[PDB]
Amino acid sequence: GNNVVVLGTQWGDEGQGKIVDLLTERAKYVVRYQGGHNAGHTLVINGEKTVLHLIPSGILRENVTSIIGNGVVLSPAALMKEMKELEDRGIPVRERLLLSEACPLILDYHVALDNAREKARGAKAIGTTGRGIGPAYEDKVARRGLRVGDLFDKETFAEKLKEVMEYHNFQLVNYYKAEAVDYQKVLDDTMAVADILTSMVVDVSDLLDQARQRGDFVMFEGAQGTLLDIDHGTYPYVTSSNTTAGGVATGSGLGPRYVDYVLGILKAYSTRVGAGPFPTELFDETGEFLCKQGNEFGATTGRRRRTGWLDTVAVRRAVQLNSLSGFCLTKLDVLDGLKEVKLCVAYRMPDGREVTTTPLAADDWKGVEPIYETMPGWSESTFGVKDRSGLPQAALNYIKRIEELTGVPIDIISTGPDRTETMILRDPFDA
């Protein structure tokens, strides 16, 4: 298909970055449609590592035009920091990147609010990335937030920012009893970059309608994972945007009937960073092995990632929510050297009923237990293998099993962080 969607089928960090950088080789565009700089996607080319937060993952291919879509909450400061960092490395960011005037802006006060709210929650802290994600989304939805388009008239912007900050500062000092964020300070910082931001504005929806008509290859880059979806995730332990496939159209302007293939990135075992239900979570040596071998530390907060076994019950909710066309099984190599590997095929509800469907809000997961299928592991190193032939039968079985349980074909398998340690069994762009 022409329009391919790449998203995390779990709770983020499944390996979308690597997969976007890899498939973009034939793409004209790459579009981020939700989230902000809470994401942290690692590209590794010939050993050279790049971690992107807000900048789309096609940024290293000069043949691709990177687009930050309207669904994205955009921090000017964040953008500037990543730009300078990539430019210093020879990546002419300003020539490859475009953005939406409809993108809300994340300013220092959103960070102050996120921290305050997080503090206020005490024991029940969501465990957010400390960027002002949610607050920026609140402002958007309240219709008081500033957007990239507002920079098109600095005087009027200055007026708008004053009103908003006075509003939020009132709450910050009187209610949370936190320090106020300085108006002038934010105003100045933002104006210093305005012209750069503004210089990259394109009408994204019209642009994508044109690409679509030309049959151009487009890639949509997800952020976070399905179970972190504001609507369908383990609420309130979630991110504030829709991480599921419908977010592709809300956050880019492309008509929903133009999605041709939805590629769901699937890790091979599970990880979650932040508070929240996690049925297959492991607190034993194997959990520790998982973290270790898979270097599971948040590419944005550096926080350690909780690890567990692949949960086919949760993954099946992702299948239906996102109309998966296929999966990209990632981090298989990490399972190398395990006597056995298991996957969750059902959930035992606290009331005794066996179920193969997941609960919705976090509280409804309270006493659910995972029911497993334990399969043989494999001692052979599968790292960097680019051919199924090079995978042991235990590895292939685990693979067939997952397809069986989900009803979705594993079209791509990743065996290491490098762009090329992968086997593409079927290229989404050809399907």
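Numbers for residues come from their place in the sequence shown, where the first is 1.
- With 238 to 246 and 214 to 222 compared on mean CA B-factor from the PDB entry, the stretch scoring higher is 214 to 222.
- When the two stretches 168 to 176 and 139 to 147 are set side by side, the higher mean Cα temperature factor goes to 168 to 176.
- The PDB entry assigns its highest CA temperature factor, among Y372, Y29, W378, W365, to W378.
- Per the PDB record, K185 has a higher Cα B-factor than any other of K185, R317, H232, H110.
- The entry lists a Cα temperature factor for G390 that places it in the highest third of the chain's modelled residues.
- In the PDB entry, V4 places in the lowest third of its chain by CA B-factor.
- The deposited CA B-factor of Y347 belongs to the middle third of values across its chain.
- Sort the modelled residues of the chain by CA B factor and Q10 lands in the lowest third.
- Per the deposited record, the Cα B-factor of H53 falls in the middle third when ranked against the other modelled residues of its chain.
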